[PDB]
Amino acid sequence: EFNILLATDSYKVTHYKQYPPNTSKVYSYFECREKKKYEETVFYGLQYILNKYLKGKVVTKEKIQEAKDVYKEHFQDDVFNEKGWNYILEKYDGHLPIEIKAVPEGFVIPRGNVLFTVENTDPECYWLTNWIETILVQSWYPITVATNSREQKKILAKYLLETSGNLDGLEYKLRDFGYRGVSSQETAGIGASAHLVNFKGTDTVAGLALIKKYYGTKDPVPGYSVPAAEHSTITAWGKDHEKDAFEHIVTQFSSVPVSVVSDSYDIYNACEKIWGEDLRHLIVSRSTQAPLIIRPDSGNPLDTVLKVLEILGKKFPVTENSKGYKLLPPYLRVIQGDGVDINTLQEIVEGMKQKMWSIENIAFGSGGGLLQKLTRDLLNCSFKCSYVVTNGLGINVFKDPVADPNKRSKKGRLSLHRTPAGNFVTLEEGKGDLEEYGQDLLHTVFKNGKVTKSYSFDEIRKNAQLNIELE
Amino acid sequence: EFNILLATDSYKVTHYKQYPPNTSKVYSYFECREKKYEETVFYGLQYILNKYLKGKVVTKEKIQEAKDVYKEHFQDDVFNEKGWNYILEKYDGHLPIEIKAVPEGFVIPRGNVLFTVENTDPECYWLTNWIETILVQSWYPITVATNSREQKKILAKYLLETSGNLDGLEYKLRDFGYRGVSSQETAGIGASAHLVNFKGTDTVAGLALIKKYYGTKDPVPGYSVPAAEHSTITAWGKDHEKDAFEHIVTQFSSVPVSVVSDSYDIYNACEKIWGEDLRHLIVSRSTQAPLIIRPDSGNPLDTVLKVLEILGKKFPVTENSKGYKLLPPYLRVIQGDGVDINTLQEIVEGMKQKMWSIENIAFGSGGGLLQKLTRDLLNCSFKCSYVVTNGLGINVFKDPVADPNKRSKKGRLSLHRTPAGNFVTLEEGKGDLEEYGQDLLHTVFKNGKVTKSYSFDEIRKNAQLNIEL
């Protein structure tokens, strides 16, 4: 079972003996630090952490004993603060005397603004604020996944609109194929749920479980999949029966959309000779709600997509849409699911536009690119202390490393506000109290063991909308 | 609670309908596919087998739940209720699977079979690839352990040249990645992977996994020192950094203590605060209890060099037997910012050119050690190589025209020792010819049971560097 006393960076165990004596309050905050592009970030995932790890009776005699033993061996010394934890146990029945305030989930906020704040509500637990930093800062992952996915949605939005005239199908243009390519089951589910803030397509079904348990949606599920082949279900037929494999698969799923990987031996041959001639009569008969979706999976992504399009355009009846771009018949589409991240996605859709193919023709699939190749440096997710009370006096604290001003931190008690022009600003040094800027956008989400405000996954989806969607 | 019927890539739900009719056997394997990183460390499968695959992993309740999810998820009924119900009734919910695998901690060149998977019941031909997803996640502990080991090789080399030995090598790279990983589960997994090669971690999640899944003779696999963070310094007030430093080293006077010294001005902290104001509280410290100064900003090499030069002029420096400068024993440095395998190598080389022993320094790495890695680094891949259909065995593979690097192996595989003492993977069942001795793979899983396992102690012995051996 989970033990919050063991869920921190080892060294923080020793911190109680390091803060200034007579310190009654430690107040800290999380931002996505500016860097001298990712200009705005989606706030998502804290609620998952509050419910699964922070809430309820999280301290027990047994959890205290257990930590005392591990820490003794781990440190070869008895540094563990047993009294402080016992105090939380006896006084508050093992509930954390902490208040967390946060911007609403889904909100899209410029870099360098306070996203949430954490402080102790009992003077005895000044050390507790930064003990849970480690667990709280992991919010970086769903924040960064939601944000990176959204930036990609924007690109798809841009090219789809220009090549086709509208935004139909946008929410199915970037699918999550990342399940096998992430570092754990837990990560898979978290990361998958973060992608669902922006899209509806995923094959990482753990993602749905998390959303239902921790956020909730009107509809039965927030994510959807279509029947799709893998290399094993094609190659299993044998090197000389790829066409037998192809034909069996599209007949099994003649009524639904169906993705078929087509590069097991030669993608170009399969497209021009197998889909294009031998099996042509099985494609052109299909419904518009049941297209075949050809899936190349190797070679240079831009080059291979353009070659596949060019091939199909000459085997199938292409039309020119109202904006002047080429469109395949409704029963035929293409998905690129190899080597896709934000960079090559941009490369592909630009390359398509240059060659006069609509973005309607294509969907993208992303795995490690979407959920794994991302770190805390991407948005500079950082948890820093900015206010303390020592000897009954509050003082405004911060770091300001001389060789890196980008790592300067904010001062004092903080609040987030709407500017007159409708943008965002963070006020420092308790300046929010002057109330010249209207109301604090941060809300109490956690206080003394209790989750105090929650958001449905729907509200979240609505908060994270593109402006282009909003228009 | 974990439901294996829901821990697979969505589209695999449809695959039992996609194989050729009368397929009785599906046999697949995992490799770190050949294209830096010429050899990988095998680690992490035992965790996966025990946490996820062993025992009764299928129940009436767990079937029902999957049926409902997939019906919505697909907006249609495609879920294989019948295959899963067979497993429940016939084998009491235990998986009819056989997994063979190289020993954990083993160090193997790329492009060799690491593990194989196949169904032990004709009715369950579809099960082999169902569980690809959970098994493929083994890429992560493999890749962390490998990248971690590659870094140790670099540390070993320079420590040896600048100091003549390897004392303390196992504490020269600490895990600081606990906040910079994507999940709690990832933290433990990854921490245990780094501990294969090193003993320093601040990610406590890792000890518990090791104890539960592998086991060590010692009470714990990893260790940490008292250390400050910016909030334990900055809380004193911008004009009291000295009071903070004093309190901290006094509070931890007879044990090692790491103090971040770049809150405001690293170069002032080193030269004026540590080097003058509090100097008398350093030079009186025991060799067992050094102060370790932790810069945390600037160009990592440039900052390490200047910190070293600052300290050298303020403290008594010696020249070890190799001709390298060495700090007094109660004074060391740790760089824990921007450290990854590339910068690690930049720093130790820059140190060597300036005649500073690697004895002086230790590194902490986070995102670079545990987060910024993908399945692509080692080309970790799981592929079908052999099936039986209508009673006939077929060797199967892919060979894409545009990418010969993506070609998978053919037929039944086995791993062997060459006449020169190396590894080879034999394909097409050729291992049965018995020209290359015994298969080095061992059965580790069969029909719901783990059939072979290793202590963390033996894994560590397998993963040792050549220079160590």
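Numbers run from 1 along the shown chain.
The backbone N, Cα and C atoms fix where each Cβ goes, and this holds for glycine too.
Per Swiss-Prot, these features apply:
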type: MOD_RES; residues: A:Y172; note: phosphotyrosine
type: BINDING; residues: A:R180, A:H231, A:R295; note: diphosphate binding site
type: BINDING; residues: A:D203, A:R295, A:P296, A:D297, A:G337, A:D338, A:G368, A:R376; note: beta-nicotinamide D-ribonucleotide binding site
type: MOD_RES; residues: A:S456; note: phosphoserine
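Listed recorded positions: A:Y172, A:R295, A:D338, A:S456. Those with a CB under 8 Å from a CB in chain B: none. In this structure the alpha carbons, written CA, of A:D297 (beta-nicotinamide D-ribonucleotide binding site) and A:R180 (diphosphate binding site) are 16 Å apart. Taking Cβ-Cβ distances under 8 Å and a sequence gap of 6 or more within the same chain, the neighbours of A:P296 (beta-nicotinamide D-ribonucleotide binding site) are A:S262, A:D263, A:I267, A:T304, A:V305, A:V308, A:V334, A:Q336, A:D338. Measuring Cα to Cα from A:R180 (diphosphate binding site), the recorded positions that fall within 10 Å are A:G368, out of A:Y172, A:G368, A:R376. There are 24 other CB atoms within 10 A of the CB of A:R180 (diphosphate binding site), with all protein chains counted. Taking a C-beta cut-off of under 8 angstroms and a sequence separation of 6 or more, A:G368 (beta-nicotinamide D-ribonucleotide binding site) has the following same-chain neighbours: A:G178, A:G181, A:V182. With 9 residues left out of the model between A:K36 and A:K37, the distance spanned by their C-alpha atoms equals 11 Å.
With a cut-off of 8 Å between CB atoms and residues at least 6 apart in sequence, the same chain places A:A228, A:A229, A:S259, A:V260, A:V261, A:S262, A:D263, A:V334, A:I335, A:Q336, A:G337, A:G365 near A:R295 (diphosphate binding site), listed in sequence order.
With respect to their backbone Cα atoms, A:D203 (beta-nicotinamide D-ribonucleotide binding site) and the residue listed as 'phosphotyrosine' stand 12 Å from each other.
Sparsest Cβ environment among the binding-site residues A:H231, A:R376 (other Cβ atoms counted within 10 Å): A:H231.
Its own atom aside, the Cβ of A:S456 (phosphoserine) has 15 Cβ atoms within 10 angstroms in the protein chains shown. Each of the binding-site residues A:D203, A:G337 was scored by the number of other CB atoms within 10 Å of its CB, and the largest score is that of A:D203. Look at the recorded positions A:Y172, A:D297, A:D338 and count other Cβ atoms within 10 Å of each Cβ; A:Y172 has the fewest. Largest Cα-to-Cα span within the beta-nicotinamide D-ribonucleotide-binding set A:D203, A:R295, A:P296, A:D297, A:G337, A:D338, A:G368, A:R376: 33 Å. Checked against A:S456 (phosphoserine) by C-alpha proximity, the recorded positions A:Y172, A:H231, A:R376 yield A:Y172 as the nearest.
Comparing A:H231 (diphosphate binding site) with the residue listed as 'phosphotyrosine', their Cα atoms are 23 Å apart once rounded.
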